[PDB]
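J.: First the structure, then my questions, so here it is.
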Amino acid sequence: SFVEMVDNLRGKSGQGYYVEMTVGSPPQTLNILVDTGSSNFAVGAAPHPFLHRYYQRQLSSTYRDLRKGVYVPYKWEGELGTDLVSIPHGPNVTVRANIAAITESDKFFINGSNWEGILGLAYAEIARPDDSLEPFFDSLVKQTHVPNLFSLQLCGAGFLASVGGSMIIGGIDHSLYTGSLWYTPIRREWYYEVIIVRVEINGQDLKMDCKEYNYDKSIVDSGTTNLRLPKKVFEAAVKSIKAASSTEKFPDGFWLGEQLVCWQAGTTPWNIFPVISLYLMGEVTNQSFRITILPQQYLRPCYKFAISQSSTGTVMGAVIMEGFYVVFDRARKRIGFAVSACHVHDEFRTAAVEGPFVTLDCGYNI
Ligand SMILES: CN1C(=O)[C@@](c2ccc(OC(F)(F)F)cc2)(c2ccc(F)c(-c3cncnc3)c2)N=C1N
């Protein structure tokens, strides 16, 4: 039942959401980052200054060595193998999954994040060292009767700050959202790639060729904190946001996501910052639906501007997902969005999912 899966995610603001998992026999308990932006099950497997726990292969009676190393600059190095894996507050099953045992790394783990590994939930095409290394979720579906679908409700903090959420594996929990679920097609099965057809700041269209929004791609990534936008789109966005909040301005170190901005105890002028609407391509070619996010989402806790520039396409990260219940419907190659039961909002504005909006070529081919 999904009830036992509710609130199975925890984390620190800006450091990602993790789920408890066990690996090996007897079960070794570890906290694992839920990451829709990668496809490896990679776990710390050797002492590290930021790790308080790590996977000890020699303690597992069920560990099997694949006699194959892996080098991943992007960095971390490790040895490939397989072992039994379970999610205590997920489905009641045990699967034999590939595991990359990380023996050395640089700038990979985060101090105080309280996770020791990453659960890459994306597709095999982007798995390291290649696509023959079956990702965890693929193993899970193939080995069990679990439906090929999972959903994420990231809730952030609300009033480093602690965050919480739910990962529901194998179905949709209706208690986690209100209103309608709107679906955007998964363009290609590598990252969770989608297509943005329009974006507006306070109802004002940025008026860009929609290819700009997906240059060179747009992905949904729980493993990225910020909403990351292509250079040209980012500049247009900041300008519009700056203008809307012109009433008393801020340092540019803030707009660059460097410096923080501070008011005190519920004096934050949310109403000065505009809402941002991302229109996603619908299941019907000429249709779209918009997800609308509040300053409560893109200003993350004093606050930091959680929108930043990208040279690798648009990334709809945690701060975007935190407004919504997000359904990764792998079985039907689509991603669903609905207003989250947990999202933060004031008494004048709320996050929204609304459609359809019809138009009269937005993908950046590959
Ligand atoms: C964008 N991104 C990362 O850089 C990564 C990552 C990079 C390379 C990987 O190994 C490969 F390449 F083999 F897949 C696997 C995953 C990542 C790595 C470490 C992190 F602390 C975070 C992170 C940091 N703060 C908040 N939340 C997540 C993200 N996860 C995502 N989505």
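Note that chain A is numbered according to Swiss-Prot, with residues 59-132, 136-220, 228-369, 380-438, 442-447 shown in order.
If you check the header, you will see the structure was determined by X-ray crystallography, 1.8 Å.
Using N, Cα and C of the backbone, Cβ positions are placed for all residues, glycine too.
Swiss-Prot feature annotations, pasted as is:
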- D93: active site (ACT_SITE)
- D289: active site (ACT_SITE)
- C216-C420: disulfide bond (DISULFID)
- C278-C443: disulfide bond (DISULFID)
- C330-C380: disulfide bond (DISULFID)
- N153: N-linked glycosylation site (CARBOHYD)
- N172: N-linked glycosylation site (CARBOHYD)
- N354: N-linked glycosylation site (CARBOHYD)
- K126: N6-acetyllysine (MOD_RES)
- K275: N6-acetyllysine (MOD_RES)
- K279: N6-acetyllysine (MOD_RES)
- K285: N6-acetyllysine (MOD_RES)
- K299: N6-acetyllysine (MOD_RES)
- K300: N6-acetyllysine (MOD_RES)
- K307: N6-acetyllysine (MOD_RES)
J.: Relative to the Cα of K279 (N6-acetyllysine), which of the recorded positions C216, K285, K299, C380, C443 have a Cα no more than 10 Å away?
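T.: The recorded positions passing the 10 Å Cα test are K285, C443.
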J.: How many Å lie between the CA of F220 and the CA of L228, given 7 residues are missing there?
T.: 14
J.: What recorded positions in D93, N153, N172, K279, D289 place CB under 6 Å from ligand 1?
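T.: Those recorded positions that pass the cut-off, since their Cβ is under 6 Å from ligand 1, are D93, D289.
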J.: Going by DSSP, give the three-state secondary structure for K307 (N6-acetyllysine).
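T.: SS state of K307 (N6-acetyllysine) = helix.
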J.: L438 and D442 flank 3 unmodelled residues; Cα separation in Å?
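T.: The unmodelled segment spans a Cα gap of 11 Å.
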J.: Give me the Cα-Cα distance between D289 (active site) and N153 (N-linked glycosylation site), rounded to a whole Å.
T.: 26
J.: Hey, what's the Cβ neighbour count for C216 (disulfide bond) at 10 Å?
T.: 21
J.: Find the one among the recorded positions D93, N153, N172, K299, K300 whose C-alpha lies closest to that of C330 (disulfide bond).
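T.: Its closest listed neighbour, by Cα, is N172.
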J.: According to DSSP, collapsed to three classes, what secondary structure does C278 (disulfide bond) have?
T.: helix
J.: Would you identify the secondary structure of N354 (N-linked glycosylation site) according to DSSP, in three states?
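T.: It is coil.
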J.: Would you mind ranking the modified residues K275, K307 by how many other Cβ atoms sit within 10 Å of each Cβ and giving me the lowest?
T.: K275
